[PDB]
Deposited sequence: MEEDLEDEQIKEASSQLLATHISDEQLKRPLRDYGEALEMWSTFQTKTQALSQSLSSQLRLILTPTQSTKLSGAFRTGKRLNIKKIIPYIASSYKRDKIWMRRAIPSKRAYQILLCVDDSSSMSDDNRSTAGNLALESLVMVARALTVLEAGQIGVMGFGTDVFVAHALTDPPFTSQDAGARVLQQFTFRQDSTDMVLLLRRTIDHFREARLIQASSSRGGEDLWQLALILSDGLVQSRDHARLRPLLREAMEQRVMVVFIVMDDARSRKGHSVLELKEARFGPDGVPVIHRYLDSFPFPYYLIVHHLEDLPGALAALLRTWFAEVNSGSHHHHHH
């Protein structure tokens, strides 16, 4: 907490960032939210049992189908997503890497998609040497521009190291805290989405294993998104829409084990987050297991 007295970004600047990223990602946020709504909607087909054709008059009103929808998505299941963003200087790289910005832009895309969807809670954590909650799961969803500015303010990408072990334990802790709350008024699905740049040497994989093992016993699912790009001003201009990758086939196949999605091109970052989220929502939702 004492290390947290870093200076924040200028509010006007963070406000303009949020607004710019929202405009740049709105198409993808809207598409993704319509895909997640479809995934959560009961859509199982009818089934055959046992063993002139009658042609009944089958009619309904579109009005009535919107009413069925208002009751259709069950509130017994909630989704909790912690989006964890590397707050170290490796993300800034003296403006050379540009990864920090693309990561915040992806955060905006996800936050807007979950808000429009009106299902799930979003939380945001930053991590480097310390770990801070930039936006708690119990905070109001990102409908207001102030709430978006305030999250982006907290990310300046100047911590000097990345301590993945600490991030994992706090993430586990925060999810445990969240499970206790719902035990006293509720099926709860929890996902940590961890974005960072650089390399992973397997010296890194191994020391994460006990915590990841602990997370799995607590049904927490963990996905690492690893950015490693080897220009900057047209990223500024870039507009994001659907890129044609609905799911991560390999992650679907490994569910619910921890997964590393390696993203070599930063303009794929928002696409890759969208695809991971669709995959996860599809998996936690299927009656499987």
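Counting from residue 1 of the deposited sequence, the stretches lacking C-alpha coordinates in this chain are 1-23, 75-83, 218-221, 267-272, 332-336.
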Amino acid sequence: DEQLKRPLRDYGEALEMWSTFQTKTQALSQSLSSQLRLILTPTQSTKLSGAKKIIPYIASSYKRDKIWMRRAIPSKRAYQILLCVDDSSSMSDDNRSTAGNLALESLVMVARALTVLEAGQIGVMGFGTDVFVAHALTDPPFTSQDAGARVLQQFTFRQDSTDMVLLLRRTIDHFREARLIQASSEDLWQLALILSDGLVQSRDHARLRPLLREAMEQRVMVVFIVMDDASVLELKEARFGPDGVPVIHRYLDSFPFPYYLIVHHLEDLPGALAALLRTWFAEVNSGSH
From here on, numbers count along this sequence of modelled residues.
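For the two regions 241-249 and 65-73, the entry's Cα B-factors average higher over 65-73. For the pair 275-283 and 261-269, the mean Cα B-factor is higher in 261-269. In the PDB entry, the Cα temperature factor peaks, among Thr115, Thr129, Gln190, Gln153, at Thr129.
By the numbers in the PDB entry, the CA B factor is greatest at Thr162 among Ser106, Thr143, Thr162, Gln80. When the modelled residues of the chain are ordered by their C-alpha B factor, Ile58 lands in the lowest third. Compared with the other modelled residues of the chain, the Cα B-factor recorded for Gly100 ranks in the middle third. Ranked by C-alpha B-factor against the other modelled residues of its chain, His174 falls in the middle third.
Among the modelled residues of the chain, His135 sits in the lowest third by CA temperature factor in this PDB entry. Remark: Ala215 belongs to the middle third of its chain, ranked by C-alpha B-factor as recorded.
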